[PDB]
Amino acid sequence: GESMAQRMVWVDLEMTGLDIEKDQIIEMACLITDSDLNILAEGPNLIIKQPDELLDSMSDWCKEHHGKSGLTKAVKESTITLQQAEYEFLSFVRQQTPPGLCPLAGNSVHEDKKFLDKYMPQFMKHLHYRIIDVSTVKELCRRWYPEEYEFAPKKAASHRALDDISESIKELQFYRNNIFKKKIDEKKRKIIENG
């Protein structure tokens, strides 16, 4: 019960840009962690077909970044429609999380949520409305723990979906281990008794 409801649905998307009125999802990856950030299951990792005209009119930033990562070429070759991709993700979360109870998780994952609410609404219906925004914790770390903030892991920032999920989890793990308060565990309790 509670353990299942405390899972997290980590997602990262690539889009043709930041304009919700025109831009589209071109890559999406998803995995599930338990409440303690251990990966329980790897979900689909999909490159979604979108029209040539849209890719050709992307911002210079997106042309450069999705170009050099290979993503633009892979979008043009993709046979995966948005609808089929959404189904794969929805089927996956239906196997992994109780309906309505688990949040999206990632860095500034509200941006992903904005695109998913519009373009994958049935996927989003399986999830809670709250999010685990790693960048909220980042912004609190920078303010409240400036010394510790300097030791956060460096990110490769490849703008590819699955690799970026792993970096997001690693960042949150860093904050848990370095700016949240310490707690008892099985090993410390056995030592306390032994002393």
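For every residue, the number given is its place in the sequence shown, counted from 1. So that the term is clear: the rigid core is the largest set of C-alpha atoms that superpose within 1.5 Å between two forms.
Core superposition of the other structures onto this form places the C-alphas of 159 to 167 farther off in 5 other deposited structures of this protein than those of the other stretch among 142 to 150 and 159 to 167. Look at the mean CA B-factor for 45 to 53 and for 126 to 134 in the entry; the higher one is 45 to 53. In this crystal structure, the stretch out of 166 to 174 and 153 to 161 whose C-alpha atoms carry the higher mean B factor is 153 to 161. Among the modelled residues of its chain, residue 58 has a C-alpha B-factor that falls in the highest third according to the deposited record. Ranked against the other modelled residues of its chain, the C-alpha B-factor of residue 111 as given in the entry falls in the lowest third. Residue 117: CA B factor lies in the middle third for its chain, per the PDB record. Per the PDB record, residue ranking by Cα B-factor puts residue 179 in the middle third of the chain. Residue 34 sits in the middle third of its chain by CA B factor, as recorded in the PDB entry.
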